[PDB]
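Given as structure tokens, the chain that follows is alone and in the form deposited in one PDB entry.
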């Protein structure tokens, strides 16, 4: 076979992990909605794609959501000009489907488990409390003149009120634009100005990992260049002395005390914009409609994680990420279950924090990024070994390919080999999970996204010819043939960039921008960004298979390989390797470590995949979501031309 699984230390015959007993309906656990085998997944999946799927999507839309006005058409439009339409005639409100309809049925059921930065301050927020807080904020926004269609910037840390600020905007038909708390004043400025918002919601200070986020300090600097912002709502999170501008700035609690605890729901057309979300050139504000996005997040959350009514979904991401949008707030609350708002880091107070949380609340699912798993892997298994963690049934990975080493560490310790691992592939532009194994039906492989989700008709294209590589054992670029409900509708006031980025390069398709491969079993392998691909002497090297090989060597915590122009091979491979903090870098020779890694790569991939130069760095350039910034490293090693900015100075200094 030509397409090979990501390098792993386990033999392939022992590397097929079928759904465990917890995902089989045993141990008193809920039977999965999809099961018990791969055919059972395809039987349902094939109903959701092709030109005969309209009846299926219409039925699901009416089952999943509560509509004020029914729709007549199911789908319309296409990629060509960016006129995607789903359920155009229907009306609904997101805050109603995420709050009201569950409050009316069981008001005391916990909507949010608020895990505070300090574990002792954690508490449960019922649907009643969240609904009342949401309605108060909505009335405050109306009193500020916020109208349906106006943009509202949210600059909030991971306190539970962030969901109230999200859903308050959705309740009145406003368009919220959430920005990671802790972004620089310049980054926040650009996103406030691009959405042309007149109202901004923030805190006095944020608390993550025992560190203070000077939110109001940053907002003041940014708004010195944001003339359109007239009202700033400041949530009193810490109570520390922070500057306040009289007239413009008002306290969250004081404003909400003047407002009623109920607010009517604005009846939104399906294609009314629900939110703007800028991704970390110019800031790209991905715009999502209402009904399609909500339906997508609801069904993926229900099917990709096998959600059941009493479950407690624990997504540890930040709401500044689409993962937080879709699988902390909208997805979980749409289905009417409990969701987790994690305010701290995975290592505060100690690297046992994740597992202290899981056993404290009896979390039934855990959702996080590969970068977090690698962080916990390099801290020691003592922090996980002595935990129960039996409430869990599904563990999810999102943001990047998951190295088989991290995959196993996730599977072995967090799941105790009794949880299904769902490597969920998707994008901010996809709205909901696009490719992931259904935990109760699909047998997994370390690092494989497996098979596409409902409504996702994906294929592999030759990047040069542009034609479909039919069959298995093929490698190329991933594309989608048909629109899906939760697909992004535009880029805010830059629809030209929306079409040129995803619709022009391969006409007739959606262009994810990812290299993909379909091995001989039909499993989809998403091996990294197309821009990250390295072509050594006519050999397409993907960063996932190379980095997966490097982590197989003892002591390695994280790696990142980029491409640079080479005299002989056209393009050569350069590697950045982060060793575990408890490595004896003095005992193992630096040059010897490079040779050991080089031979390691040669053994599992091929002679061509060996790095030509290796760089030792304390950490890698990373976004706030956890993605490795390979483009940044690539330009640095080329001479032409976000979590910890100090890594940039270290990388360029080590370049010489």
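By rigid core we mean the largest C-alpha set that fits within 1.5 Å across both forms. Numbering follows the first chain given and starts at 1.
Residue-level annotation: residue 642 lacks coordinates in a third or more of the other entries compared, counting only those that model residues on either side of it. When the other compared entries with both flanking residues are checked, residue 626 is unmodelled in at least a third. The segment from residue 280 to residue 281 is interrupted, since 1 to 3 residues of the deposited sequence in that interval carry no coordinates. Where coordinates are absent for parts of the deposited sequence, a chain break appears; between neighbours residue 11 and residue 12 there is no such break.
When the C-alpha B-factors of 570-578 and 176-184 are averaged, 570-578 comes out higher. Looking at 142-150 and 81-89 together, the entry lists the larger mean B-factor for 81-89, computed on C-alpha atoms.
Sorting 561, 99, 341, 287 by the CA temperature factor given in the entry leaves 561 at the top. Each of 75, 586, 312, 393 has a CA temperature factor in the record; the biggest one is found at 586. For residue 242, the recorded CA temperature factor ranks within the middle third of the chain's modelled residues.
In the deposited entry, the Cα temperature factor of residue 325 places it in the lowest third of its chain's modelled residues. Placement of the Cα temperature factor of residue 332 within the chain: lowest third of the modelled residues, per the deposited record. Looking at the C-alpha B-factors along this chain, the one for residue 506 belongs to the highest third. In this PDB entry, residue 407 carries a Cα temperature factor that places it within the middle third of its chain's modelled residues.
Another form, the form deposited in another entry, is not on view; read the next lines as being about it.
Of the residues listed here (589, 62, 43, 26), only one shifts its CA by 2 angstroms or more between this form and the one not shown after fitting on the rigid core, and it is 589. After superposition on the rigid core, the Cα of residue 189 moves by less than 2 Å between this form and the one not shown. If you fit the rigid core between this form and the one not shown, you'll see the Cα of residue 545 move by 2 angstroms or more.
After superposition on the rigid core, the Cα of residue 246 moves by less than 2 Å between this form and the one not shown. In the other form, the separation between the C-alpha atoms of residue 598 and residue 403 grows by 3 Å or more relative to the displayed form. The pair residue 566 and residue 505 separates in the other form: their C-alpha atoms are at least 3 Å more distant from each other than in the form depicted.
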